[PDB]
Amino acid sequence: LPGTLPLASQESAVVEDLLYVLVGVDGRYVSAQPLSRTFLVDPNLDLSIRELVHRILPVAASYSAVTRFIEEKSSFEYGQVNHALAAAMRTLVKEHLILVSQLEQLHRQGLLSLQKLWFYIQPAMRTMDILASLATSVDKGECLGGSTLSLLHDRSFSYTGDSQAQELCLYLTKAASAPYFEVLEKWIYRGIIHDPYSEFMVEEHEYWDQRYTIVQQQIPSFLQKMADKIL
Amino acid sequence: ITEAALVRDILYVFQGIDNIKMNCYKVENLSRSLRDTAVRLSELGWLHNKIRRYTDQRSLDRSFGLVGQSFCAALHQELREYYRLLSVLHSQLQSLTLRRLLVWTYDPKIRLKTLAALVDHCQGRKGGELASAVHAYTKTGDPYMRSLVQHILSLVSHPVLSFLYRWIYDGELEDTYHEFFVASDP
Amino acid sequence: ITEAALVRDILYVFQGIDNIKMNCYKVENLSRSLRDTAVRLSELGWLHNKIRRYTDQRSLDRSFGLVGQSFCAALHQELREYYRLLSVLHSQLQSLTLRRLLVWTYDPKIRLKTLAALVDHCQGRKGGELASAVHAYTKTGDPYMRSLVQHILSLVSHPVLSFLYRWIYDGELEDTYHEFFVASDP
């Protein structure tokens, strides 16, 4: 009953429940609604709080939509790139489970006012806003293999002057392209093409202009210049 | 209405969140000596809106270019600090008064005076034409402003010097949005 | 119900031993912000019961073969370590909370999600046909899983390599259970 509760103290109750909301666990007051996740706070709360709470929650919704990309895109029906892109996108969620641990401990001592929260999460509101834009531009147009590596070379060039969201999208591409580059090492120094899922740029067949054919979709758009010398 | 209650709401009006409501933040009793000092203090928060709307309206459309990002992403490093000051001021409210705020927030009444007037002089400029309209703010002489804007220029003019060092040593210009002053013909 | 009491029972649900009772571990008061994380954390036990049943049920019958015994054994060296974590974690309790367990047990929710899904893909496979169905989990790419399963295969290929190095240099195949792909006729 936060309506019949004092002003300066109920803020310390929201910042406790608010921390739980960042984790994604249903809180006491700041609850979640069934599914882009939309929340509800309370009908009877101070106007100068809800208008401030609703400014933080866009880091919860951008997390209830990245954890749902990790627990999904790790299946075997997607290839060896939509896997590594979902692992290197899981190391970050761990580093966000710590930045909410340091706050759960610094709040015990009373040193965490709501106005103090809106400052500490500023970097965790910008990182979780890049991973929640690749996880929606990889599912918009179904990408697996090469086309999910062309996207991570253009979403990394569009941020050519940010330097805080380019050191990130250069960590995803540098990690979501090792499995693609470990079969290329086998199709360069040798002739064997493993590629269990149909994702590599070159596919074999069963007098020789029809055996190996360049596939047009799965070209990483940064090997486009040498799409011929590879084959 | 106690003076402490005003100190509670003002620390929110510095952000946009509204006794003090929303172009002057008209406050609505109390003595005249209090309303006047609130009015000027509340108005500083209004400025913060004009600089926030730009870095939110233009962070939406994807047709602002590559320079218009390093500008819209350099108005944020000059806002996290304004969010650190609001952090410190709130920890002491648990003592500071109105006349004590005026000295605390006398300097960020200027940085929020140049930035809130730097985003209006360059409204429709995209590409290099924006890096040329945040350079027309350096001919000012004021040693406090000429050393602030001459830093935002050092970030906004980084993408421009990225095409230049590309179109000189490799001759491969690439800009889906027309920013570079070298226009190719298919 | 105190938060410390929940930290006492969860330390047991991680093993199978049940406030938290037994397919989800439905907990039965307390605030909603507590029940949700408990149900989320307890889903490590339900992954522990399934792997334990496969190693136990098949450690009973003597008609599982030589390769099958190695696979069951290969699932215990990857469980003593899960027995060491439960140990260190309990010592701290004698401070840790739910908001602190999630980071502690975020990694062993994955190893207990490959192993608990590696024993279902190979259910009725005995002999070499099992060493060929724990190799169809290496084509995954995930650098954390492909470096775990590619170790259980190393502890599942030893028996298959044993026969082969016997049926090549000495020509004396011996397997009461039919595992080797070279079947003799009396």
# chains A, B, ... in the order shown; residues from 1 in each chain; ligands from 1
$ calpha_fit_rmsd --fixed "chain B" --moving "chain C"
0.3 Å
$ closest_atom_pairs --of "chain B" --to "chain A" --cutoff "7 Å" --atoms "only C-alpha atoms" --output "Markdown table"
| residue | atom | partner | partner_atom | distance |
| --- | --- | --- | --- | --- |
| B:17 | CA | A:48 | CA | 6.0 |
| B:18 | CA | A:48 | CA | 6.0 |
| B:66 | CA | A:158 | CA | 6.8 |
| B:70 | CA | A:161 | CA | 5.3 |
| B:73 | CA | A:162 | CA | 6.3 |
| B:83 | CA | A:119 | CA | 6.0 |
| B:84 | CA | A:119 | CA | 6.7 |
| B:87 | CA | A:116 | CA | 5.3 |
| B:158 | CA | A:161 | CA | 6.7 |
| B:159 | CA | A:161 | CA | 5.8 |
$ write_last_selection --atoms "N, CA and C atoms" --output "PDB file, in the first residue's frame"
ATOM      1  N   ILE B  17      11.130  16.017 -15.096  1.00  0.00           N
ATOM      2  CA  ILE B  17      10.031  15.470 -14.310  1.00  0.00           C
ATOM      3  C   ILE B  17       9.575  16.516 -13.303  1.00  0.00           C
ATOM      4  N   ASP B  18       8.334  16.956 -13.432  1.00  0.00           N
ATOM      5  CA  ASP B  18       7.762  17.882 -12.471  1.00  0.00           C
ATOM      6  C   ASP B  18       7.651  17.235 -11.098  1.00  0.00           C
ATOM      7  N   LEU B  66      26.357   9.805 -40.779  1.00  0.00           N
ATOM      8  CA  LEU B  66      27.446   9.355 -39.923  1.00  0.00           C
ATOM      9  C   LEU B  66      28.020  10.458 -39.055  1.00  0.00           C
ATOM     10  N   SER B  70      27.928  10.963 -34.444  1.00  0.00           N
ATOM     11  CA  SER B  70      29.009  11.388 -33.567  1.00  0.00           C
ATOM     12  C   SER B  70      28.709  12.713 -32.892  1.00  0.00           C
ATOM     13  N   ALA B  73      25.894  11.485 -30.431  1.00  0.00           N
ATOM     14  CA  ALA B  73      26.547  10.643 -29.441  1.00  0.00           C
ATOM     15  C   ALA B  73      27.725  11.337 -28.776  1.00  0.00           C
ATOM     16  N   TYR B  83      24.424  14.176 -15.118  1.00  0.00           N
ATOM     17  CA  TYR B  83      23.739  13.212 -14.272  1.00  0.00           C
ATOM     18  C   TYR B  83      24.566  12.803 -13.069  1.00  0.00           C
ATOM     19  N   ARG B  84      25.865  13.091 -13.080  1.00  0.00           N
ATOM     20  CA  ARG B  84      26.669  12.882 -11.887  1.00  0.00           C
ATOM     21  C   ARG B  84      26.458  14.005 -10.891  1.00  0.00           C
ATOM     22  N   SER B  87      23.422  13.428  -9.014  1.00  0.00           N
ATOM     23  CA  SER B  87      23.651  12.391  -8.018  1.00  0.00           C
ATOM     24  C   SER B  87      24.137  12.997  -6.712  1.00  0.00           C
ATOM     25  N   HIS B 158      35.556  13.704 -36.618  1.00  0.00           N
ATOM     26  CA  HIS B 158      36.283  12.450 -36.772  1.00  0.00           C
ATOM     27  C   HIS B 158      35.744  11.628 -37.938  1.00  0.00           C
ATOM     28  N   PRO B 159      34.426  11.491 -38.114  1.00  0.00           N
ATOM     29  CA  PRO B 159      33.953  10.799 -39.320  1.00  0.00           C
ATOM     30  C   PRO B 159      34.343  11.499 -40.608  1.00  0.00           C
TER      31      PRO B 159
END
$ select_by_dssp --residues "region 18-166 of chain B" --states "alpha helix (DSSP H)" --output "ChimeraX atom specification"
/B:32-57,67-72,77-91,98-104,111-121,128-131,149-164
$ atom_distance --atom1 "CA of residue 5 (chain B)" --atom2 "CA of residue 103 (chain B)"
19.6 Å
$ residues_around --residues "residue 56 (chain A)" --least-positions-apart "3" --cutoff "9 Å" --atoms "only C-alpha atoms" --output "list in words"
residues 18, 22, 52, 53, 59, 60, 117, 118, 121 and 125 of chain A
$ residues_around --residues "residue 109 (chain A)" --least-positions-apart "6" --cutoff "12 Å" --atoms "only C-alpha atoms" --output "ChimeraX atom specification"
/A:12,102-103
$ atom_distance --atom1 "CA of residue 54 (chain A)" --atom2 "CA of residue 39 (chain A)"
8.9 Å
$ residues_around --residues "residue 223 (chain A)" --least-positions-apart "3" --cutoff "12 Å" --atoms "only C-alpha atoms" --output "PDB file with N, CA and C atoms, in the first residue's frame"
ATOM      1  N   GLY A 146      26.076 -16.784 -43.943  1.00  0.00           N
ATOM      2  CA  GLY A 146      26.778 -15.605 -44.403  1.00  0.00           C
ATOM      3  C   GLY A 146      26.002 -14.321 -44.223  1.00  0.00           C
ATOM      4  N   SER A 147      24.694 -14.353 -44.488  1.00  0.00           N
ATOM      5  CA  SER A 147      23.902 -13.133 -44.392  1.00  0.00           C
ATOM      6  C   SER A 147      23.787 -12.646 -42.952  1.00  0.00           C
ATOM      7  N   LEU A 149      26.401 -12.604 -41.246  1.00  0.00           N
ATOM      8  CA  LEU A 149      27.718 -12.021 -41.077  1.00  0.00           C
ATOM      9  C   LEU A 149      27.911 -10.794 -41.942  1.00  0.00           C
ATOM     10  N   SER A 150      27.062 -10.602 -42.950  1.00  0.00           N
ATOM     11  CA  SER A 150      27.010  -9.326 -43.650  1.00  0.00           C
ATOM     12  C   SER A 150      26.389  -8.257 -42.767  1.00  0.00           C
ATOM     13  N   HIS A 153      28.739  -6.725 -40.335  1.00  0.00           N
ATOM     14  CA  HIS A 153      29.770  -5.884 -40.914  1.00  0.00           C
ATOM     15  C   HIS A 153      29.231  -4.545 -41.379  1.00  0.00           C
ATOM     16  N   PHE A 181      35.108 -18.990 -40.409  1.00  0.00           N
ATOM     17  CA  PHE A 181      36.480 -18.930 -40.888  1.00  0.00           C
ATOM     18  C   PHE A 181      37.270 -20.195 -40.598  1.00  0.00           C
ATOM     19  N   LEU A 184      36.632 -22.132 -43.914  1.00  0.00           N
ATOM     20  CA  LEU A 184      37.368 -21.489 -44.990  1.00  0.00           C
ATOM     21  C   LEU A 184      38.828 -21.896 -44.983  1.00  0.00           C
ATOM     22  N   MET A 201      29.664 -20.535 -48.414  1.00  0.00           N
ATOM     23  CA  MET A 201      29.445 -19.872 -49.694  1.00  0.00           C
ATOM     24  C   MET A 201      29.538 -20.845 -50.861  1.00  0.00           C
ATOM     25  N   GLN A 216      24.958 -17.416 -53.922  1.00  0.00           N
ATOM     26  CA  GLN A 216      24.958 -15.959 -53.933  1.00  0.00           C
ATOM     27  C   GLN A 216      24.526 -15.375 -52.596  1.00  0.00           C
ATOM     28  N   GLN A 218      24.851 -16.549 -49.397  1.00  0.00           N
ATOM     29  CA  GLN A 218      25.800 -16.677 -48.294  1.00  0.00           C
ATOM     30  C   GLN A 218      27.189 -16.177 -48.696  1.00  0.00           C
ATOM     31  N   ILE A 219      27.259 -14.890 -49.021  1.00  0.00           N
ATOM     32  CA  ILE A 219      28.517 -14.193 -49.248  1.00  0.00           C
ATOM     33  C   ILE A 219      28.627 -13.099 -48.197  1.00  0.00           C
ATOM     34  N   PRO A 220      29.711 -13.044 -47.421  1.00  0.00           N
ATOM     35  CA  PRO A 220      29.756 -12.151 -46.255  1.00  0.00           C
ATOM     36  C   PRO A 220      29.788 -10.664 -46.582  1.00  0.00           C
ATOM     37  N   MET A 226      36.692 -10.891 -53.366  1.00  0.00           N
ATOM     38  CA  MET A 226      37.379 -12.139 -53.675  1.00  0.00           C
ATOM     39  C   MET A 226      36.428 -13.329 -53.644  1.00  0.00           C
ATOM     40  N   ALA A 227      35.182 -13.119 -54.065  1.00  0.00           N
ATOM     41  CA  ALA A 227      34.232 -14.222 -54.120  1.00  0.00           C
ATOM     42  C   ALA A 227      34.571 -15.233 -55.200  1.00  0.00           C
ATOM     43  N   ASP A 228      35.505 -14.912 -56.091  1.00  0.00           N
ATOM     44  CA  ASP A 228      35.892 -15.799 -57.176  1.00  0.00           C
ATOM     45  C   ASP A 228      37.176 -16.559 -56.887  1.00  0.00           C
ATOM     46  N   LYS A 229      38.186 -15.889 -56.335  1.00  0.00           N
ATOM     47  CA  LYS A 229      39.437 -16.571 -56.038  1.00  0.00           C
ATOM     48  C   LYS A 229      39.280 -17.618 -54.946  1.00  0.00           C
ATOM     49  N   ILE A 230      38.238 -17.518 -54.124  1.00  0.00           N
ATOM     50  CA  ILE A 230      37.986 -18.558 -53.135  1.00  0.00           C
ATOM     51  C   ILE A 230      37.581 -19.852 -53.827  1.00  0.00           C
ATOM     52  N   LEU A 231      36.559 -19.785 -54.682  1.00  0.00           N
ATOM     53  CA  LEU A 231      36.107 -20.977 -55.392  1.00  0.00           C
ATOM     54  C   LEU A 231      37.175 -21.495 -56.342  1.00  0.00           C
TER      55      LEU A 231
END
$ residues_around --residues "residue 96 (chain A)" --least-positions-apart "4" --cutoff "8 Å" --atoms "only C-alpha atoms" --output "number ranges by chain"
A: 92, 100, 124
$ atom_distance --atom1 "CA of residue 199 (chain A)" --atom2 "CA of residue 180 (chain A)"
8.8 Å
$ residues_around --residues "residue 37 (chain C)" --least-positions-apart "3" --cutoff "9 Å" --atoms "only C-alpha atoms" --output "list in words"
residues 25 and 26 of chain A; 32, 33, 34, 40, 41, 42, 98, 99 and 102 of chain C
$ write_last_selection --atoms "C-alpha atoms" --output "PDB file, in the first residue's frame"
ATOM      1  CA  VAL A  25      12.211 -11.539 -11.888  1.00  0.00           C
ATOM      2  CA  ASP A  26       8.583 -10.360 -11.259  1.00  0.00           C
TER       3      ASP A  26
ATOM      4  CA  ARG C  32       6.107 -12.676  -5.345  1.00  0.00           C
ATOM      5  CA  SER C  33       9.627 -11.235  -5.862  1.00  0.00           C
ATOM      6  CA  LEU C  34      10.911 -14.364  -4.007  1.00  0.00           C
ATOM      7  CA  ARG C  40      14.097 -20.071 -11.737  1.00  0.00           C
ATOM      8  CA  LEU C  41      16.966 -21.315  -9.527  1.00  0.00           C
ATOM      9  CA  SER C  42      15.425 -24.694  -8.727  1.00  0.00           C
ATOM     10  CA  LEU C  98      19.255 -15.081  -4.240  1.00  0.00           C
ATOM     11  CA  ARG C  99      20.489 -11.975  -6.168  1.00  0.00           C
ATOM     12  CA  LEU C 102      22.203 -16.252 -10.042  1.00  0.00           C
TER      13      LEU C 102
END
$ select_by_dssp --residues "chain A" --states "strand (DSSP E)" --output "list in words"
residues 31, 32, 39, 40, 202, 203, 213 and 214 of chain A
$ write_last_selection --atoms "N, CA and C atoms" --output "compact mmCIF listing (two decimals), in the first residue's frame"
# COMPACT_ATOMS: atom_id res chain seq x y z
N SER A 31 5.55 -4.73 -11.88
CA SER A 31 5.29 -6.06 -12.41
C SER A 31 5.41 -6.07 -13.92
N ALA A 32 5.38 -7.27 -14.49
CA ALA A 32 5.43 -7.47 -15.92
C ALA A 32 4.08 -7.93 -16.44
N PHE A 39 5.32 -3.07 -19.17
CA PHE A 39 5.22 -3.19 -17.73
C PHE A 39 4.09 -2.32 -17.20
N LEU A 40 3.75 -2.54 -15.93
CA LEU A 40 2.86 -1.65 -15.20
C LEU A 40 3.46 -1.42 -13.83
N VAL A 202 30.29 -21.93 -50.71
CA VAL A 202 30.52 -22.91 -51.77
C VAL A 202 29.91 -24.23 -51.35
N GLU A 203 29.06 -24.79 -52.21
CA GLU A 203 28.46 -26.09 -51.98
C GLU A 203 28.84 -27.04 -53.11
N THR A 213 29.56 -24.82 -56.96
CA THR A 213 28.92 -23.61 -57.44
C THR A 213 28.89 -22.57 -56.33
N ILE A 214 29.21 -21.33 -56.68
CA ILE A 214 29.12 -20.23 -55.73
C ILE A 214 27.66 -19.98 -55.39
$ decode --residues "region 122-149 of chain C" --atoms "N, CA and C atoms" --output "short mmCIF file (atom, residue, chain, number, x, y, z; two decimals), in the first residue's frame"
data_model
loop_
_atom_site.label_atom_id
_atom_site.label_comp_id
_atom_site.auth_asym_id
_atom_site.auth_seq_id
_atom_site.Cartn_x
_atom_site.Cartn_y
_atom_site.Cartn_z
N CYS C 122 20.79 -39.99 -26.85
CA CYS C 122 21.31 -41.36 -26.94
C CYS C 122 20.69 -42.17 -25.81
N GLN C 123 19.50 -42.70 -26.07
CA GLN C 123 18.76 -43.47 -25.07
C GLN C 123 18.95 -44.97 -25.26
N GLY C 124 18.57 -45.49 -26.42
CA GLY C 124 18.69 -46.91 -26.67
C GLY C 124 19.94 -47.34 -27.40
N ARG C 125 20.94 -46.48 -27.48
CA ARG C 125 22.15 -46.80 -28.23
C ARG C 125 23.15 -47.49 -27.31
N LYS C 126 23.63 -48.66 -27.73
CA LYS C 126 24.65 -49.38 -27.00
C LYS C 126 25.79 -49.71 -27.94
N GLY C 127 26.96 -49.97 -27.36
CA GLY C 127 28.10 -50.24 -28.21
C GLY C 127 28.54 -49.01 -28.98
N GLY C 128 29.06 -49.25 -30.19
CA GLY C 128 29.60 -48.16 -30.98
C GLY C 128 28.54 -47.17 -31.43
N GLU C 129 27.30 -47.62 -31.56
CA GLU C 129 26.22 -46.74 -31.97
C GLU C 129 25.98 -45.62 -30.97
N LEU C 130 26.48 -45.77 -29.74
CA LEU C 130 26.42 -44.69 -28.77
C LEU C 130 27.59 -43.73 -28.95
N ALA C 131 28.78 -44.26 -29.26
CA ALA C 131 29.92 -43.42 -29.56
C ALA C 131 29.76 -42.65 -30.86
N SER C 132 28.73 -42.96 -31.63
CA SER C 132 28.40 -42.24 -32.85
C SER C 132 27.25 -41.26 -32.66
N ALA C 133 26.58 -41.31 -31.51
CA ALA C 133 25.50 -40.39 -31.20
C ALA C 133 25.89 -39.36 -30.15
N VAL C 134 27.05 -39.51 -29.52
CA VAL C 134 27.67 -38.45 -28.75
C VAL C 134 28.72 -37.71 -29.56
N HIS C 135 28.92 -38.10 -30.81
CA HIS C 135 29.73 -37.35 -31.75
C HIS C 135 28.90 -36.43 -32.63
N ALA C 136 27.60 -36.69 -32.74
CA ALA C 136 26.70 -35.80 -33.45
C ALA C 136 26.29 -34.60 -32.61
N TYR C 137 26.97 -34.35 -31.50
CA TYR C 137 26.80 -33.13 -30.72
C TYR C 137 28.03 -32.24 -30.78
N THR C 138 29.01 -32.59 -31.60
CA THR C 138 30.19 -31.76 -31.77
C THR C 138 30.00 -30.73 -32.88
N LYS C 139 29.12 -31.00 -33.84
CA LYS C 139 28.79 -30.03 -34.89
C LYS C 139 27.85 -28.97 -34.32
N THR C 140 28.41 -28.13 -33.45
CA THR C 140 27.60 -27.14 -32.76
C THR C 140 28.19 -25.74 -32.83
N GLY C 141 29.52 -25.64 -32.85
CA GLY C 141 30.17 -24.36 -33.02
C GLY C 141 30.35 -23.55 -31.75
N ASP C 142 29.39 -23.63 -30.84
CA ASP C 142 29.45 -22.97 -29.54
C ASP C 142 30.75 -23.36 -28.84
N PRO C 143 31.69 -22.43 -28.66
CA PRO C 143 33.03 -22.83 -28.18
C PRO C 143 33.02 -23.41 -26.79
N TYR C 144 31.95 -23.23 -26.02
CA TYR C 144 31.86 -23.79 -24.68
C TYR C 144 31.31 -25.21 -24.69
N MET C 145 30.40 -25.52 -25.62
CA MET C 145 29.88 -26.88 -25.71
C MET C 145 30.78 -27.77 -26.55
N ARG C 146 31.25 -27.28 -27.69
CA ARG C 146 32.11 -28.10 -28.53
C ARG C 146 33.42 -28.47 -27.85
N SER C 147 33.78 -27.81 -26.76
CA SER C 147 34.96 -28.17 -26.00
C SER C 147 34.64 -28.96 -24.74
N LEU C 148 33.36 -29.20 -24.47
CA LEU C 148 32.93 -30.12 -23.43
C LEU C 148 32.61 -31.50 -24.00
N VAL C 149 31.71 -31.55 -24.98
CA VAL C 149 31.36 -32.82 -25.61
C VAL C 149 32.56 -33.43 -26.31
#
